[PDB]
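S.K.: Data: coords.cif, mmCIF, C-alpha atoms.
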data_input
loop_
_atom_site.group_PDB
_atom_site.id
_atom_site.type_symbol
_atom_site.label_atom_id
_atom_site.label_comp_id
_atom_site.auth_asym_id
_atom_site.auth_seq_id
_atom_site.Cartn_x
_atom_site.Cartn_y
_atom_site.Cartn_z
ATOM 1 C CA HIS G 1 47.400 138.747 90.271
ATOM 2 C CA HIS G 2 44.577 136.231 90.530
ATOM 3 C CA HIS G 3 44.038 135.354 94.164
ATOM 4 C CA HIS G 4 41.213 136.016 96.608
ATOM 5 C CA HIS G 5 42.761 137.165 99.883
ATOM 6 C CA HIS G 6 40.687 136.209 102.936
ATOM 7 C CA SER G 7 41.222 135.861 106.676
ATOM 8 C CA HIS G 8 40.758 132.667 108.650
ATOM 9 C CA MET G 9 39.781 131.723 112.210
ATOM 10 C CA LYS G 10 42.207 131.700 115.141
ATOM 11 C CA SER G 11 42.556 128.559 117.239
ATOM 12 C CA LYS G 12 41.523 128.676 120.895
ATOM 13 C CA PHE G 13 45.158 129.149 121.836
ATOM 14 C CA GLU G 14 45.714 131.886 119.244
ATOM 15 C CA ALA G 15 42.717 133.781 120.620
ATOM 16 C CA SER G 16 43.841 133.321 124.235
ATOM 17 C CA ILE G 17 47.113 135.233 123.966
ATOM 18 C CA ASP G 18 45.235 138.545 123.965
ATOM 19 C CA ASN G 19 44.779 138.030 127.711
ATOM 20 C CA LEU G 20 48.544 138.040 128.230
ATOM 21 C CA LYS G 21 49.132 141.670 127.190
ATOM 22 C CA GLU G 22 49.411 142.755 130.840
ATOM 23 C CA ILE G 23 52.008 140.143 131.848
ATOM 24 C CA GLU G 24 55.495 141.646 131.943
ATOM 25 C CA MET G 25 58.533 139.962 130.442
ATOM 26 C CA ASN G 26 61.735 141.335 128.960
ATOM 27 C CA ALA G 27 63.261 142.067 125.555
ATOM 28 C CA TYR G 28 66.172 139.727 126.172
ATOM 29 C CA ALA G 29 63.768 136.774 126.383
ATOM 30 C CA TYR G 30 62.125 138.004 123.178
ATOM 31 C CA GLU G 31 65.355 138.341 121.177
ATOM 32 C CA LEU G 32 66.528 134.932 122.413
ATOM 33 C CA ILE G 33 63.666 133.397 120.426
ATOM 34 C CA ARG G 34 63.242 135.774 117.504
ATOM 35 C CA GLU G 35 66.877 136.592 116.742
ATOM 36 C CA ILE G 36 68.819 133.590 118.027
ATOM 37 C CA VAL G 37 66.739 130.398 118.157
ATOM 38 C CA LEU G 38 64.799 131.072 114.942
ATOM 39 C CA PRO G 39 67.759 132.048 112.725
ATOM 40 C CA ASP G 40 69.748 129.157 114.224
ATOM 41 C CA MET G 41 67.091 126.673 113.050
ATOM 42 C CA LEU G 42 66.220 128.322 109.740
ATOM 43 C CA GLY G 43 69.602 129.533 108.475
ATOM 44 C CA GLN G 44 69.634 130.830 104.920
ATOM 45 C CA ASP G 45 65.863 130.448 104.518
ATOM 46 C CA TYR G 46 64.954 132.639 107.501
ATOM 47 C CA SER G 47 64.241 135.708 105.365
ATOM 48 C CA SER G 48 61.806 134.126 102.903
ATOM 49 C CA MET G 49 60.155 132.094 105.642
ATOM 50 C CA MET G 50 59.556 135.141 107.845
ATOM 51 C CA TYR G 51 58.090 137.066 104.930
ATOM 52 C CA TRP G 52 55.467 134.383 104.337
ATOM 53 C CA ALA G 53 54.955 133.837 108.090
ATOM 54 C CA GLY G 54 54.087 137.532 108.197
ATOM 55 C CA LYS G 55 51.445 137.046 105.507
ATOM 56 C CA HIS G 56 50.101 133.929 107.225
ATOM 57 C CA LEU G 57 49.898 135.866 110.498
ATOM 58 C CA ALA G 58 47.974 138.715 108.853
ATOM 59 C CA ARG G 59 45.328 136.216 107.755
ATOM 60 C CA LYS G 60 44.820 135.137 111.397
ATOM 61 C CA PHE G 61 44.956 138.679 112.793
ATOM 62 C CA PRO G 62 43.149 140.673 110.103
ATOM 63 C CA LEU G 63 42.857 144.405 110.678
ATOM 64 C CA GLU G 64 40.157 146.664 109.270
ATOM 65 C CA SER G 65 42.067 149.783 108.211
ATOM 66 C CA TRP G 66 45.608 151.087 107.693
ATOM 67 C CA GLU G 67 45.331 153.293 110.774
ATOM 68 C CA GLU G 68 45.501 150.134 112.920
ATOM 69 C CA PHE G 69 49.062 149.199 111.887
ATOM 70 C CA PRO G 70 50.966 151.273 114.451
ATOM 71 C CA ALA G 71 49.021 149.927 117.446
ATOM 72 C CA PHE G 72 49.383 146.313 116.284
ATOM 73 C CA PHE G 73 53.126 146.747 115.759
ATOM 74 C CA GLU G 74 53.630 148.318 119.182
ATOM 75 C CA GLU G 75 51.623 145.688 121.045
ATOM 76 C CA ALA G 76 53.375 142.884 119.122
ATOM 77 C CA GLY G 77 56.748 144.186 120.264
ATOM 78 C CA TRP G 78 57.751 144.976 116.688
ATOM 79 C CA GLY G 79 58.536 148.591 117.509
ATOM 80 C CA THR G 80 57.237 152.114 117.002
ATOM 81 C CA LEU G 81 55.821 152.498 113.506
ATOM 82 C CA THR G 82 55.376 156.054 112.286
ATOM 83 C CA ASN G 83 53.767 157.046 109.005
ATOM 84 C CA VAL G 84 55.928 159.195 106.730
ATOM 85 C CA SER G 85 53.798 158.800 103.578
ATOM 86 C CA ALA G 86 50.248 157.552 103.029
ATOM 87 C CA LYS G 87 49.254 157.725 99.375
ATOM 88 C CA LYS G 88 46.574 155.925 97.407
ATOM 89 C CA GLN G 89 48.912 153.111 96.365
ATOM 90 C CA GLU G 90 51.961 153.499 98.587
ATOM 91 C CA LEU G 91 52.664 153.416 102.310
ATOM 92 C CA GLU G 92 55.947 154.397 103.919
ATOM 93 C CA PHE G 93 56.668 153.905 107.625
ATOM 94 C CA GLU G 94 59.615 154.428 109.923
ATOM 95 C CA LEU G 95 60.099 151.686 112.500
ATOM 96 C CA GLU G 96 62.296 152.079 115.548
ATOM 97 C CA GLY G 97 62.950 151.489 119.227
ATOM 98 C CA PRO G 98 65.680 150.258 121.580
ATOM 99 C CA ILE G 99 65.520 146.642 120.388
ATOM 100 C CA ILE G 100 65.743 147.701 116.769
ATOM 101 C CA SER G 101 68.596 150.095 117.546
ATOM 102 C CA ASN G 102 70.511 147.199 119.097
ATOM 103 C CA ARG G 103 69.921 145.051 116.011
ATOM 104 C CA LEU G 104 71.102 147.804 113.676
ATOM 105 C CA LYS G 105 74.253 148.318 115.728
ATOM 106 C CA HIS G 106 75.346 144.685 116.106
ATOM 107 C CA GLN G 107 73.859 142.720 113.173
ATOM 108 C CA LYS G 108 75.289 142.916 109.648
ATOM 109 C CA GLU G 109 71.831 143.146 108.074
ATOM 110 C CA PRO G 110 68.776 143.020 110.360
ATOM 111 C CA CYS G 111 65.669 141.399 108.866
ATOM 112 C CA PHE G 112 62.155 142.827 108.863
ATOM 113 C CA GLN G 113 60.445 140.467 106.413
ATOM 114 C CA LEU G 114 57.915 139.410 109.058
ATOM 115 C CA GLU G 115 56.751 143.018 109.340
ATOM 116 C CA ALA G 116 56.899 143.595 105.548
ATOM 117 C CA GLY G 117 54.848 140.495 104.782
ATOM 118 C CA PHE G 118 52.323 141.339 107.484
ATOM 119 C CA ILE G 119 51.675 144.809 106.045
ATOM 120 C CA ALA G 120 51.570 143.565 102.436
ATOM 121 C CA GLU G 121 49.019 140.867 103.251
ATOM 122 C CA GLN G 122 46.874 143.166 105.406
ATOM 123 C CA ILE G 123 46.621 145.680 102.550
ATOM 124 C CA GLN G 124 45.427 142.922 100.221
ATOM 125 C CA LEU G 125 42.957 141.398 102.707
ATOM 126 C CA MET G 126 41.335 144.800 103.016
ATOM 127 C CA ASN G 127 41.075 145.471 99.284
ATOM 128 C CA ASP G 128 40.348 142.797 96.670
ATOM 129 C CA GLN G 129 41.162 145.306 93.915
ATOM 130 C CA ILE G 130 44.866 145.366 94.805
ATOM 131 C CA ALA G 131 46.902 143.323 92.354
ATOM 132 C CA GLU G 132 50.491 142.807 93.481
ATOM 133 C CA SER G 133 52.535 144.661 96.059
ATOM 134 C CA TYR G 134 56.245 145.345 96.330
ATOM 135 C CA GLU G 135 58.018 145.887 99.625
ATOM 136 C CA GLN G 136 61.254 147.636 100.572
ATOM 137 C CA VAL G 137 63.094 147.553 103.897
ATOM 138 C CA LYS G 138 65.744 150.278 104.035
ATOM 139 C CA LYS G 139 68.245 150.515 106.860
ATOM 140 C CA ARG G 140 69.027 153.929 108.283
ATOM 141 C CA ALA G 141 71.334 154.885 111.152
ATOM 142 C CA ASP G 142 68.787 154.610 113.948
ATOM 143 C CA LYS G 143 65.676 153.224 112.275
ATOM 144 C CA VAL G 144 64.363 151.247 109.333
ATOM 145 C CA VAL G 145 61.962 152.405 106.681
ATOM 146 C CA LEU G 146 59.286 150.001 105.474
ATOM 147 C CA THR G 147 57.757 150.854 102.093
ATOM 148 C CA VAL G 148 54.896 148.974 100.469
ATOM 149 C CA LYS G 149 53.539 150.013 97.087
ATOM 150 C CA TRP G 150 51.136 148.298 94.722
ATOM 151 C CA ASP G 151 49.226 148.202 91.454
ATOM 152 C CA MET G 152 45.459 147.932 91.070
ATOM 153 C CA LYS G 153 44.027 144.964 89.199
ATOM 154 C CA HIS Z 1 77.572 123.212 118.287
ATOM 155 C CA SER Z 2 79.558 126.417 118.829
ATOM 156 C CA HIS Z 3 80.456 127.831 122.246
ATOM 157 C CA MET Z 4 81.075 131.404 121.084
ATOM 158 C CA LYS Z 5 78.371 134.046 120.707
ATOM 159 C CA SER Z 6 78.281 136.503 117.838
ATOM 160 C CA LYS Z 7 78.617 140.136 118.876
ATOM 161 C CA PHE Z 8 74.862 140.529 118.442
ATOM 162 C CA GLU Z 9 74.133 137.451 120.552
ATOM 163 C CA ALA Z 10 76.308 138.860 123.324
ATOM 164 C CA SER Z 11 74.594 142.243 123.013
ATOM 165 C CA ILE Z 12 71.141 141.039 123.984
ATOM 166 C CA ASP Z 13 72.302 141.013 127.624
ATOM 167 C CA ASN Z 14 71.669 144.738 127.815
ATOM 168 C CA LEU Z 15 68.027 144.205 126.843
ATOM 169 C CA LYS Z 16 67.320 142.373 130.094
ATOM 170 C CA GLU Z 17 65.816 145.504 131.660
ATOM 171 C CA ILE Z 18 63.785 146.506 128.605
ATOM 172 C CA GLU Z 19 60.094 145.662 128.944
ATOM 173 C CA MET Z 20 58.203 143.276 126.669
ATOM 174 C CA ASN Z 21 54.710 141.909 127.199
ATOM 175 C CA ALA Z 22 53.814 138.197 127.132
ATOM 176 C CA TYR Z 23 51.387 138.550 124.206
ATOM 177 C CA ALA Z 24 54.213 139.743 121.953
ATOM 178 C CA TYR Z 25 56.367 136.861 123.156
ATOM 179 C CA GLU Z 26 53.736 134.175 122.556
ATOM 180 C CA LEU Z 27 52.975 135.736 119.156
ATOM 181 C CA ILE Z 28 56.509 134.909 117.986
ATOM 182 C CA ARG Z 29 57.204 131.784 120.010
ATOM 183 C CA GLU Z 30 53.874 129.951 119.852
ATOM 184 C CA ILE Z 31 52.213 131.285 116.684
ATOM 185 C CA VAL Z 32 54.852 132.355 114.166
ATOM 186 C CA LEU Z 33 57.497 129.798 115.136
ATOM 187 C CA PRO Z 34 55.343 126.646 114.923
ATOM 188 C CA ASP Z 35 53.937 127.767 111.555
ATOM 189 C CA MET Z 36 57.518 127.760 110.299
ATOM 190 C CA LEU Z 37 58.288 124.416 111.958
ATOM 191 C CA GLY Z 38 55.334 122.107 111.329
ATOM 192 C CA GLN Z 39 55.373 118.363 111.961
ATOM 193 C CA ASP Z 40 58.976 117.966 113.050
ATOM 194 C CA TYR Z 41 58.921 120.972 115.403
ATOM 195 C CA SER Z 42 60.209 118.854 118.272
ATOM 196 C CA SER Z 43 63.539 117.589 116.854
ATOM 197 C CA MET Z 44 64.422 121.091 115.660
ATOM 198 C CA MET Z 45 63.616 122.718 118.968
ATOM 199 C CA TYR Z 46 65.526 120.028 120.889
ATOM 200 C CA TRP Z 47 68.621 120.706 118.745
ATOM 201 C CA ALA Z 48 68.119 124.455 119.136
ATOM 202 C CA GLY Z 49 68.069 124.082 122.926
ATOM 203 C CA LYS Z 50 71.400 122.269 122.827
ATOM 204 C CA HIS Z 51 72.798 124.821 120.386
ATOM 205 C CA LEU Z 52 71.734 127.589 122.758
ATOM 206 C CA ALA Z 53 73.269 125.826 125.760
ATOM 207 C CA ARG Z 54 76.666 125.619 124.063
ATOM 208 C CA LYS Z 55 76.959 129.414 123.670
ATOM 209 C CA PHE Z 56 75.119 130.289 126.894
ATOM 210 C CA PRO Z 57 77.101 127.919 129.160
ATOM 211 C CA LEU Z 58 76.166 127.596 132.835
ATOM 212 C CA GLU Z 59 78.569 126.363 135.506
ATOM 213 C CA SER Z 60 76.032 124.432 137.594
ATOM 214 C CA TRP Z 61 72.504 123.102 137.291
ATOM 215 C CA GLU Z 62 71.597 125.210 140.314
ATOM 216 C CA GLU Z 63 71.719 128.128 137.864
ATOM 217 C CA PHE Z 64 68.957 126.693 135.667
ATOM 218 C CA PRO Z 65 66.066 128.352 137.533
ATOM 219 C CA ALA Z 66 67.519 131.877 137.254
ATOM 220 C CA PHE Z 67 68.301 131.329 133.585
ATOM 221 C CA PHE Z 68 64.778 130.060 132.869
ATOM 222 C CA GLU Z 69 63.132 132.952 134.688
ATOM 223 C CA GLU Z 70 65.149 135.608 132.856
ATOM 224 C CA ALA Z 71 64.630 133.868 129.502
ATOM 225 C CA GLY Z 72 60.863 133.932 130.035
ATOM 226 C CA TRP Z 73 60.743 130.137 129.981
ATOM 227 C CA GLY Z 74 58.862 129.954 133.283
ATOM 228 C CA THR Z 75 59.432 128.930 136.885
ATOM 229 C CA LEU Z 76 61.753 125.908 137.009
ATOM 230 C CA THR Z 77 62.187 123.924 140.236
ATOM 231 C CA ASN Z 78 64.471 120.993 140.939
ATOM 232 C CA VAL Z 79 62.339 118.402 142.711
ATOM 233 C CA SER Z 80 64.656 115.397 142.854
ATOM 234 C CA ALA Z 81 68.203 114.182 142.277
ATOM 235 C CA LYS Z 82 68.146 110.401 141.928
ATOM 236 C CA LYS Z 83 71.056 108.334 140.599
ATOM 237 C CA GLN Z 84 72.451 109.842 137.378
ATOM 238 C CA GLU Z 85 69.343 111.966 136.978
ATOM 239 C CA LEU Z 86 67.808 115.333 137.808
ATOM 240 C CA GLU Z 87 64.066 115.973 137.803
ATOM 241 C CA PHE Z 88 62.616 119.455 137.292
ATOM 242 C CA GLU Z 89 59.152 120.959 137.247
ATOM 243 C CA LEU Z 90 58.283 123.895 135.012
ATOM 244 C CA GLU Z 91 55.181 126.036 135.599
ATOM 245 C CA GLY Z 92 53.775 129.569 135.563
ATOM 246 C CA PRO Z 93 51.039 131.767 134.058
ATOM 247 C CA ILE Z 94 52.281 131.535 130.449
ATOM 248 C CA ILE Z 95 52.782 127.771 130.677
ATOM 249 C CA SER Z 96 49.335 127.340 132.240
ATOM 250 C CA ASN Z 97 47.757 129.145 129.308
ATOM 251 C CA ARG Z 98 49.572 126.815 126.894
ATOM 252 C CA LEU Z 99 48.475 123.703 128.794
ATOM 253 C CA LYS Z 100 44.903 125.012 128.896
ATOM 254 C CA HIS Z 101 44.456 125.718 125.176
ATOM 255 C CA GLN Z 102 47.055 123.696 123.259
ATOM 256 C CA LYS Z 103 46.492 120.106 122.114
ATOM 257 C CA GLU Z 104 50.155 119.205 122.545
ATOM 258 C CA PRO Z 105 52.332 121.832 124.253
ATOM 259 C CA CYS Z 106 56.014 121.304 123.490
ATOM 260 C CA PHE Z 107 59.004 122.013 125.728
ATOM 261 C CA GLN Z 108 61.790 120.532 123.619
ATOM 262 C CA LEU Z 109 63.797 123.787 123.585
ATOM 263 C CA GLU Z 110 63.930 123.695 127.391
ATOM 264 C CA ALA Z 111 64.695 119.968 127.404
ATOM 265 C CA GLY Z 112 67.570 120.265 124.930
ATOM 266 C CA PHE Z 113 69.022 123.206 126.808
ATOM 267 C CA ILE Z 114 69.100 121.230 130.073
ATOM 268 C CA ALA Z 115 70.468 118.096 128.404
ATOM 269 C CA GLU Z 116 73.399 119.932 126.819
ATOM 270 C CA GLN Z 117 74.201 121.989 129.939
ATOM 271 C CA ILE Z 118 74.505 118.769 131.924
ATOM 272 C CA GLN Z 119 76.551 117.071 129.224
ATOM 273 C CA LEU Z 120 79.009 119.986 129.167
ATOM 274 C CA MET Z 121 79.259 119.755 132.953
ATOM 275 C CA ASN Z 122 80.087 116.075 133.397
ATOM 276 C CA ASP Z 123 81.408 115.153 129.931
ATOM 277 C CA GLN Z 124 78.952 112.260 129.672
ATOM 278 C CA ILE Z 125 76.074 111.694 127.244
ATOM 279 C CA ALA Z 126 72.925 113.347 128.591
ATOM 280 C CA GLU Z 127 69.388 113.609 127.251
ATOM 281 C CA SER Z 128 66.182 115.171 128.606
ATOM 282 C CA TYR Z 129 62.664 113.783 128.592
ATOM 283 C CA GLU Z 130 59.486 115.819 128.861
ATOM 284 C CA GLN Z 131 56.118 114.965 130.442
ATOM 285 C CA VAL Z 132 53.280 117.462 130.223
ATOM 286 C CA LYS Z 133 50.957 116.959 133.210
ATOM 287 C CA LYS Z 134 47.817 119.004 132.553
ATOM 288 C CA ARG Z 135 46.091 117.608 135.650
ATOM 289 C CA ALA Z 136 48.836 119.141 137.810
ATOM 290 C CA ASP Z 137 49.241 122.199 135.580
ATOM 291 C CA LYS Z 138 52.949 121.584 135.121
ATOM 292 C CA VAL Z 139 55.609 120.118 132.870
ATOM 293 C CA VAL Z 140 58.194 117.638 134.159
ATOM 294 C CA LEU Z 141 61.652 117.701 132.596
ATOM 295 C CA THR Z 142 63.945 114.826 133.499
ATOM 296 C CA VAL Z 143 67.577 114.673 132.438
ATOM 297 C CA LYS Z 144 69.582 111.443 132.589
ATOM 298 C CA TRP Z 145 73.271 110.763 131.873
ATOM 299 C CA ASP Z 146 75.571 107.737 131.428
#
Could you quickly redo this structure as structure tokens?
M.R.:
Amino acid sequence: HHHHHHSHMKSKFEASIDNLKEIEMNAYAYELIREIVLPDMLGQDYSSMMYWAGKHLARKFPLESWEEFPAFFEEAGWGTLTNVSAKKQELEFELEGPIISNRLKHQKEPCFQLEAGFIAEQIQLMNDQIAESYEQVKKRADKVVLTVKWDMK
Amino acid sequence: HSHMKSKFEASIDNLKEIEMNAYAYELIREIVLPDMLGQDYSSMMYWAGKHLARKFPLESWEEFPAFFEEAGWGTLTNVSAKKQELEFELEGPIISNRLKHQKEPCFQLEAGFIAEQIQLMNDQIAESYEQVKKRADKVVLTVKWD
């Protein structure tokens, strides 16, 4: 895996959204965009495109350490991310919440490639000695499990 | 396109009372989404608005403001009703932040939604036109039919 992972600057707009964390909206409005409008426009390519959008997003919103993942996920409305395993070359998280529960109940196969790509890219941005990573998104009854593991280069 | 929701699409109604902050919303709608729809973001979003309208039908245009508010699209006001036309203004804190920092804010989803709702109402060809007015901190959406 020969690639130098590095972050890049946010635009003025991208930086400005931090100031909107205190403005209240609702999860219906959120799903309307993320889980209706987007899949409607992207169709069969939605999964691969979200994966790479997750990596692209990581580059704009780089974090400094693994411990920061849960807070980012929660604030981003991606759900509650709990660590089940944290080993030298493997991370496993549970991800859940009312929006996710509704997806698991009513969608054939919910997609979490945005989240998977984001974590994979963050891990690489933080450590230039990481070669390639592999991600798994496993559906359970009331939650999903995100697993990212990797080799050293 | 289609006027029937999937079971999941119908289910998001019971998320209307679940909280979500505006940062999370803008992260998906104004950062992730445009990066997946580059140059021709506008045609896609216009179509998507129509596609949405067909499965979220509204009986009258007087219902547009409530729909916009709940959908987090902003505060929509009808400001005129000239011959074969309706003019709306769209504004609010999230929109203001877009107008302040974005080179070319885009409201084609909203425009397509209004166009198709009207077309389904009167069975005549309708289209919507957008004008961002930074100096008045608002967007004007005008829908015309023939």
S.K.: Hey, could you make a per-residue contact list for chain G against chain Z with 8 Å as the cut-off, showing the nearest pair of atoms and its distance in Å to one decimal, counting all atoms listed in the file, sorted by chain and number, as a Markdown table?
M.R.:
| residue | atom | partner | partner_atom | distance |
| --- | --- | --- | --- | --- |
| G:12 | CA | Z:101 | CA | 6.0 |
| G:13 | CA | Z:101 | CA | 4.8 |
| G:14 | CA | Z:31 | CA | 7.0 |
| G:16 | CA | Z:97 | CA | 7.6 |
| G:17 | CA | Z:23 | CA | 5.4 |
| G:18 | CA | Z:23 | CA | 6.2 |
| G:19 | CA | Z:23 | CA | 7.5 |
| G:20 | CA | Z:23 | CA | 5.0 |
| G:21 | CA | Z:23 | CA | 4.9 |
| G:22 | CA | Z:21 | CA | 6.5 |
| G:23 | CA | Z:22 | CA | 5.4 |
| G:24 | CA | Z:21 | CA | 4.8 |
| G:25 | CA | Z:20 | CA | 5.0 |
| G:26 | CA | Z:19 | CA | 4.6 |
| G:27 | CA | Z:20 | CA | 5.3 |
| G:28 | CA | Z:16 | CA | 4.9 |
| G:29 | CA | Z:71 | CA | 4.3 |
| G:30 | CA | Z:25 | CA | 5.9 |
| G:31 | CA | Z:12 | CA | 7.0 |
| G:32 | CA | Z:71 | CA | 7.4 |
| G:33 | CA | Z:29 | CA | 6.7 |
| G:34 | CA | Z:28 | CA | 6.8 |
| G:36 | CA | Z:9 | CA | 7.0 |
| G:37 | CA | Z:48 | CA | 6.2 |
| G:38 | CA | Z:33 | CA | 7.4 |
| G:40 | CA | Z:48 | CA | 7.0 |
| G:41 | CA | Z:48 | CA | 6.6 |
| G:49 | CA | Z:36 | CA | 6.9 |
| G:53 | CA | Z:32 | CA | 6.3 |
| G:54 | CA | Z:32 | CA | 7.9 |
| G:57 | CA | Z:32 | CA | 7.1 |
| G:75 | CA | Z:24 | CA | 6.5 |
| G:76 | CA | Z:24 | CA | 4.3 |
| G:77 | CA | Z:24 | CA | 5.4 |
| G:99 | CA | Z:15 | CA | 7.3 |
| G:102 | CA | Z:11 | CA | 7.5 |
| G:103 | CA | Z:8 | CA | 7.1 |
| G:106 | CA | Z:8 | CA | 4.8 |
| G:107 | CA | Z:8 | CA | 5.8 |
S.K.: Mind telling me what the PyMOL selection byres ((chain G and resi 136-139) around 10) catches here, as a ChimeraX atom specification?
M.R.: /G:92-95,104,109-113,115-116,134-135,140-149
S.K.: As a list in words, please: the residues near segment 4-9 of chain G (cut-off 12 Å, all atoms listed in the file, same-chain neighbours under 5 positions excluded).
M.R.: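 Surrounding residues, per the criterion: residues 14, 15, 55, 56, 57, 58, 59, 60, 61, 62, 63, 64, 120, 121, 122, 123, 124, 125, 126, 127, 128, 129, 130, 131, 132 and 153 of chain G.
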S.K.: Suppose you want the space between atom CA of residue 69 of chain G and atom CA of residue 35 of chain G; what is it in Å?
M.R.: 22.4 Å
S.K.: Since I can't run it myself right now, could you work out what the PyMOL selection byres ((chain Z and resi 124) around 12) selects here and report it as a VMD selection string?
M.R.: chain Z and resid 84 115 to 123 125 to 127 143 to 146
S.K.: Can you pull out the residues contacting residue 52 of chain G? Cut-off 9 Å, using all atoms listed in the file, and skip same-chain residues under 6 positions away; I want them as an mmCIF file with C-alpha atoms, in the coordinates of the input.
M.R.:
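Printed below is part_12.cif as written:
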data_model
loop_
_atom_site.group_PDB
_atom_site.id
_atom_site.type_symbol
_atom_site.label_atom_id
_atom_site.label_comp_id
_atom_site.auth_asym_id
_atom_site.auth_seq_id
_atom_site.Cartn_x
_atom_site.Cartn_y
_atom_site.Cartn_z
ATOM 1 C CA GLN G 113 60.445 140.467 106.413
ATOM 2 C CA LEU G 114 57.915 139.410 109.058
ATOM 3 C CA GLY G 117 54.848 140.495 104.782
ATOM 4 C CA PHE G 118 52.323 141.339 107.484
#
S.K.: Which centre and which edge lengths, in Å to one decimal, describe the axis-aligned box that holds all listed atoms of segment 2-11 of chain Z after 8 Å is added on each side, as lines of an AutoDock Vina configuration file?
M.R.:
center_x = 77.6
center_y = 134.3
center_z = 120.6
size_x = 22.9
size_y = 31.8
size_z = 21.5
S.K.: Please expand the PyMOL selection byres ((chain Z and resi 136) around 12) into the concrete residues it hits in this file, giving the result as an MDAnalysis selection string.
M.R.: chainID Z and resid 89:92 95:96 99:100 131:135 137:140
S.K.: Kindly give the distance, in Å, that separates atom CA of residue 46 of chain G and atom CA of residue 54 of chain Z, rounded to a single decimal.
M.R.: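 Computing it gives 21.5 Å between the two atoms.
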S.K.: Can you measure atom CA of residue 74 of chain G to atom CA of residue 105 of chain G for me? One decimal in Å is fine.
M.R.: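 Interatomic distance, atom CA of residue 74 of chain G to atom CA of residue 105 of chain G: 20.9 Å.
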S.K.: Mind filling out segment 57-69 of chain Z with N, CA and C atoms and sending it as a compact mmCIF listing (two decimals), keeping the file's coordinate frame?
M.R.:
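The resulting rebuild_8.txt:
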# COMPACT_ATOMS: atom_id res chain seq x y z
N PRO Z 57 76.74 128.94 128.17
CA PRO Z 57 77.10 127.92 129.16
C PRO Z 57 76.79 128.33 130.60
N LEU Z 58 76.37 127.36 131.41
CA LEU Z 58 76.17 127.60 132.84
C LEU Z 58 77.06 126.65 133.62
N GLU Z 59 77.60 127.13 134.73
CA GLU Z 59 78.57 126.36 135.51
C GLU Z 59 77.93 125.23 136.32
N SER Z 60 76.69 125.42 136.75
CA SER Z 60 76.03 124.43 137.59
C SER Z 60 74.55 124.38 137.31
N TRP Z 61 73.92 123.24 137.58
CA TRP Z 61 72.50 123.10 137.29
C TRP Z 61 71.67 123.92 138.27
N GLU Z 62 72.29 124.35 139.37
CA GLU Z 62 71.60 125.21 140.31
C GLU Z 62 71.30 126.58 139.71
N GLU Z 63 71.95 126.87 138.58
CA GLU Z 63 71.72 128.13 137.86
C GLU Z 63 70.56 128.04 136.87
N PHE Z 64 70.04 126.84 136.64
CA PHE Z 64 68.96 126.69 135.67
C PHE Z 64 67.73 127.56 135.98
N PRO Z 65 67.28 127.57 137.25
CA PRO Z 65 66.07 128.35 137.53
C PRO Z 65 66.21 129.84 137.19
N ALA Z 66 67.32 130.47 137.57
CA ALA Z 66 67.52 131.88 137.25
C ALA Z 66 67.56 132.09 135.75
N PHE Z 67 68.21 131.18 135.03
CA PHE Z 67 68.30 131.33 133.58
C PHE Z 67 66.91 131.23 132.97
N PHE Z 68 66.13 130.24 133.41
CA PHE Z 68 64.78 130.06 132.87
C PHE Z 68 63.90 131.28 133.13
N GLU Z 69 63.97 131.80 134.34
CA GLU Z 69 63.13 132.95 134.69
C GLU Z 69 63.43 134.14 133.78
